[PDB]
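Next up: just one chain, as structure tokens, the form deposited without this ligand.
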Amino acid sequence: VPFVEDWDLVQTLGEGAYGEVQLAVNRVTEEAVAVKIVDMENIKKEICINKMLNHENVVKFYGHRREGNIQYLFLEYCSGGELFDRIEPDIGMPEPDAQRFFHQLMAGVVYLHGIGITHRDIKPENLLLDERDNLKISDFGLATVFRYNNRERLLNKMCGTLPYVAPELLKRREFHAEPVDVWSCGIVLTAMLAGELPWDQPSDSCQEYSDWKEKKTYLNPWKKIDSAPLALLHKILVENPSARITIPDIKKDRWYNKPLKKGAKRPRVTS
């Protein structure tokens, strides 16, 4: 079929340091995909990691094209935008919505860790939503392989965003990959339930971080979070990464398994 390979760039979705994310519409089919334009090894890893990924809660990779020194990454379009924009400042969002997003985030991270990939920069800006509000993990620019040939490799590289980084990244030379992603998911859950970030960074110099370790939960943001999801945050936001809760145990948590959310409103008539 002629002209099926032609895609029109119709709007700027976002703009980062690596470049810009454009909305691309197929000339013939009108299928919408997002195109990440990277004006360049840094992207060669993002492409390689993206070729491995195939999960309903992970942004799909369709292919890539190189036009000189510019790389075009054909990625899944998520019309719902960023999870960040669904968080009302100093409020958050209704608890059943946050539980559904946290469930979908856990399915995505279980999958990633299961194939030996660590995202290393989980935050609401990178958690995208489709037309049906299905969460998708995006941007594998900071991601890496932590398990290869069933052998785990300890990480040492400084990566992420300070309010979401685990404290062992600032205190230890080496650390396990999986508890780092579990921690950032915990900060994401906190943000969704309180509409604010607990601390600038997880260090003792940060009074908000010291207060959390001293269990001063009568203070913000913890005061806004109900006891059942707060009990889960007490297990995620544990300084020692070896004592920190694992995802198989997050799935057994009381709040995680608490019925709260109704299914998508389906059409109905009376009489």
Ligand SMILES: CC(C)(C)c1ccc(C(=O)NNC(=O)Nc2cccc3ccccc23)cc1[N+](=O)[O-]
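Numbers for residues come from their place in the sequence shown, where the first is 1.
From this point on, the text means the form deposited with this ligand bound, which you will not see here.
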Q | Pocket open vs blocked [this ligand transferred in the entry with it bound by site C-alpha superposition; 2.4 Å, backbone or C-beta, 3 atoms] | A | open
Q: Quick one: from 107, 155, 115, 197, grab the residue that has a heavy atom within 4.5 Å of this ligand in the entry with it bound.
A: 197
Q: Taking 4.5 Å between heavy atoms as the contact cutoff, choose which of 135, 189, 169, 87 touches this ligand in the entry with it bound.
A: 87
Q. Any idea which of 79-87, 171-179, 99-107, 145-153 reaches within 4.5 Å of this ligand in the entry with it bound, heavy atoms considered?
A. 79-87
Q) Is there a heavy atom of residue 95 no more than 4.5 Å from a heavy atom of this ligand in the entry with it bound? A) no
Q | Residues in 111-142 with any heavy atom within 4.5 Å of this ligand in the entry with it bound | A | 124, 125
